[PDB]
Number of protein chains: 2
Amino acid sequence: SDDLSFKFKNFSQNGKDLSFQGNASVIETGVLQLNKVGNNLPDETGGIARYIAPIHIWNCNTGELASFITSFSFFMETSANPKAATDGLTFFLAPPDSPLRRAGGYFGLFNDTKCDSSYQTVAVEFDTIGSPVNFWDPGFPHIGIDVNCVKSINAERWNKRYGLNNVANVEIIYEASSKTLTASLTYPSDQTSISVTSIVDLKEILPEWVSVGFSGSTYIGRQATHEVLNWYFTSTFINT
Amino acid sequence: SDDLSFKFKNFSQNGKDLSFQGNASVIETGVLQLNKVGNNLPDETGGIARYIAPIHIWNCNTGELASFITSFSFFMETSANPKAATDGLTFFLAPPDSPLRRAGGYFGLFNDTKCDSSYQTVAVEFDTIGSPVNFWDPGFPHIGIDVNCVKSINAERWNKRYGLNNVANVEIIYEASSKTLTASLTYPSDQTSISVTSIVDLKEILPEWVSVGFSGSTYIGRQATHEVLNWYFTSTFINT
Ligand SMILES: CO[C@@H]1O[C@@H](C)[C@@H](O)[C@@H](O)[C@@H]1O
Ligand SMILES: CO[C@@H]1O[C@@H](C)[C@@H](O)[C@@H](O)[C@@H]1O
Ligand SMILES: [Ca+2]
Ligand SMILES: [Ca+2]
Ligand SMILES: [Mn+2]
Ligand SMILES: [Mn+2]
């Protein structure tokens, strides 16, 4: 496909256009839940949920690159210590058939801290627990752009909020010509915005076709669930 | 999804977002080839090609029905007399996992001429051969709106033209509001067009999540390949 766009205003439990891995799934309240909390989960648990059809990210014959924009609102819920809750969620591009890996601080995308070009992953993380708990991260909750590694290229301090009472709207735009990836988180209750920009050439990083989706993880003791409220996306090789 | 749209301007030799059944494939010439022709094939033969992602056509909780549009250009090729060349191609909606059924005059969609609701198929056909060759269609080539059967609830005469220099503009719509489906064909060359409109309630025929694709069929001794150049497709639950 050259152009693609799909909007989910809700999420039905009988959906047929989303593949889930780990313990992610749509729930009765029509919410896309990325990770389950409570008992009977491994110490590092989480889930991935991606659009069933692989996106045509770049064309190897024309050399053309596709620009894209995606928006979604998510909220988080925790029972105990919020400031100490792990680990967050992610929006990512990767080979559509990539397995679910290590959860917790690795979000399900990476199996350890070693950076490897073979991941062909580009994720915009919303990390809720950093150093010293998560060594490789800055000393505070934040947002970052992950390129083939759990360690961001660039990041921004995020003062995380929990509860349905604090829904966050995210919007990511990747400008193909300037290779600029910009993601912003905005708490609508008060317009508390934040954004992390970066210049990454997806043509070098990602494969011809990739999946676009989400991932969410937490940790025993510091459990919290991360869930998507809706989603929008639009790809296009043909400029604007 | 709630809203969805894509656009293929041509096709990738190694695509990842299409499902192929029968002898359907993308030829090295970047064209969707619904069916192939040759002495290595059975008497009745064809193929199916669908967008790998199931579309949400209607939602049983709100009783909502989506509206849609699909456009495409196609041409055909044959070593047989156009007059006698079979069988045509269709654009269809049906269970995402519909097995490849009998081809020939049955477009890969039907077992035989018996009308069955268990098909849950809504196709728009571009039939090149009717009676006497096939004891069920009009005695000439035509287009038609098929609902759960290879027998059109409505049809229009179709003066088929062959070859790349005789490509055709099909523009199918479905205004959910009024429950009317309407196919269209325009031969760009001299700007002449035909159509068919038939009120068909998709909610009473198709499952919530259906597939969208094409099919091309042919018969021994009258073999022809049917190919699509491009394919736009949009659908949305918020009317329009
Ligand atoms: C051992 O624990 C470390 O901190 C936890 C909060 C998680 O991020 C886990 O994946 C990481 O390895
Ligand atoms: C003998 O063949 C009949 O006519 C051909 C044109 C095809 O429609 C075939 O499927 C049908 O059985
Ligand atoms: Ca972290
Ligand atoms: Ca026929
Ligand atoms: Mn981080
Ligand atoms: Mn017919």
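Worth knowing before you read on, the calculation uses all heavy atoms, side chains too, and leaves out hydrogens, waters and symmetry mates. Lettering follows sequence order; numbering is per chain, from 1.
Taking every heavy atom of both residues into account, B/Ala53 and A/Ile52 meet most closely at CB-CG2, 3.3 Å.
In this structure, the portion of B/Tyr51 lying under 4.5 Å from any heavy atom of chain A is its side chain and not its backbone. With a 4.5 angstrom heavy-atom cutoff, A/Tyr232 does not touch chain B via any of its atoms.
Other residues, nucleotides and ligands contribute over 12 non-hydrogen atoms within 6.0 Å of the CD1 atom of A/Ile69. Within 6.0 Å of the NZ atom in B/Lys151, the count of heavy atoms belonging to other residues, nucleotides or ligands does not exceed 12.
With sequence neighbours left out, B/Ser118 forms a side-chain contact (heavy atoms from CB on, under 4.5 Å) with B/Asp116.
Near-neighbour residues of residues 6-18 of chain B relative to chain A, defined by a heavy atom under 4.5 Å from a heavy atom of that chain, comprise B/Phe6, B/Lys7, B/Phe8, B/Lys9, B/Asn10, B/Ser12, B/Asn14, B/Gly15, B/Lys16, B/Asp17.
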